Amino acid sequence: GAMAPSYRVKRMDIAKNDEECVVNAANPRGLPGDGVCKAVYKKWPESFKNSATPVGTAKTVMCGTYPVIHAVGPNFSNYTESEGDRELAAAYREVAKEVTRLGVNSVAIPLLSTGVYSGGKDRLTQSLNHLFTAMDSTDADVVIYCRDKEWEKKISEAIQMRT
C-alpha cells in the first residue's frame, strides 16, 4: 500500500501516467475505440489480447509487467439513467478489486462514462462520486487524469473538500 494513501488530479494524457498501473475507459469488445481508449491502445496495444468484457466489469491484461485494467462503463445513450448509474458504480467496484489483487501502490484512472458514453450530459460529479465509493477502502495512491481545465478545478475542489 501507499504510506499515506491520497487522491490527486492531473490535466494530461493518461498514456503518460507516472503510476504502477492504468485503468482504460474500455469498450465491451476490446476494440481500439476513441478518446482515452485509443491513447491506451497506441501505448499498450499488447494489453488488448482477450480484453473484451461486459458492461459493469473490469478485466486486467499485462503489457510486459505493466497492468492495464480495462473498465467498461455504460453508454448512457443505450442505458436508462437508473440502470446506467448501477452499471457505472459496478465498473468502479470491479476496478477496486483488481487494484487490490495486483498489490500496486498507485493507479491512474479516468472518469468513466464522462466522454462519448455520457449520453451528452455532464457526469463529472456522478462518475467521481462512484470512483470515491469504490476506491476509498483501497490503500493505493489514486491519480485521476482529465483534459478540460475547468474539470481539473472541479475535481481538485471535490478532493480537497473531504481532507
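Residue positions are given as counts along the sequence shown, with the first one as 1.
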Which of the two stretches, 29 to 37 or 91 to 99, shows the higher mean Cα temperature factor in the record?
-> 29 to 37
On average, are the C-alpha B-factors higher in 111 to 119 or in 66 to 74?
-> 111 to 119
Should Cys146 be placed in the lowest, middle or highest third of its chain by the C-alpha B factor in the entry?
-> highest
Tell me, lowest, middle or highest third: where does the Cα B factor of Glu152 rank within its chain?
-> highest
